[PDB]
Amino acid sequence: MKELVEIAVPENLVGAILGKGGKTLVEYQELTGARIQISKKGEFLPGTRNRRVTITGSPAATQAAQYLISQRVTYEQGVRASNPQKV
RNA sequence: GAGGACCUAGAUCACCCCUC
């Protein structure tokens, strides 16, 4: 556990942790007490289309935050790998 | 808070910044 954790979340997947108007992101912050900061649009890790997600706070809060987010991204991937994409 | 900027083939953009 550290006070600042970073994850790289594919761009087409980042909106899942942001949510409508950012209401999900805000939710995870209220629930964990940690601050989640996502890179600005168009800003990705070099040589990729992954947005940088920066989590900060107490070690316990940054770890819960990092876990719920990754869990959230992993949940999404599954649903997207099982179900048909609406268009 | 609300406009805006910044990116958008689809798969959510808060925070920061600007204006009030």
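Note that each Cβ is placed from the backbone with ideal geometry, even for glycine, and that neighbours are counted across all protein chains shown. Every read-out reported here was derived from the displayed coordinates using simple, explicitly stated rules and does not represent laboratory data.
What number goes with the only condition from (1) within 7 Å of RNA strand B (Cβ to nearest atom); (2) under 10 Å from the mean Cα position of the chain (by Cα) that A:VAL26 does not pass?
Failing condition for A:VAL26: (2).
Quick check on A:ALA16: is it in contact with an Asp or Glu (Cβ under 9 Å, 6 or more places away or on another chain), among the small types (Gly, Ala, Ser) and within 12 Å of RNA strand B (Cβ to nearest atom)?
The answer is yes for A:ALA16.
Taking the options A:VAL87, A:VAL79, name whichever one is over 21 Å from A:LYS2 (Cα atoms) and assigned to a helix (DSSP H, G or I).
Just one listed residue meets the conditions, A:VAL79.
Which count do you get for residues in region A:1-43 that are in contact (Cβ under 8 Å) with a residue 24 or more places away in the chain and acidic (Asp, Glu)?
Residues in region A:1-43 being in contact (Cβ under 8 Å) with a residue 24 or more places away in the chain and acidic (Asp, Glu): 3 in total.
For region A:65-83, give me each residue that is more than 14 Å from RNA strand B (Cβ to nearest atom) and surrounded by 14 or more Cβ atoms within 10 Å (Cβ to Cβ).
Scanning region A:65-83 gives A:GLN66, A:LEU68, A:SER70.
So, in region A:37-48, exactly how many residues are within 11 Å of the chain's Cα centre (by Cα) and more than 6 Å from RNA strand B (Cβ to nearest atom)?
So the answer is 1.
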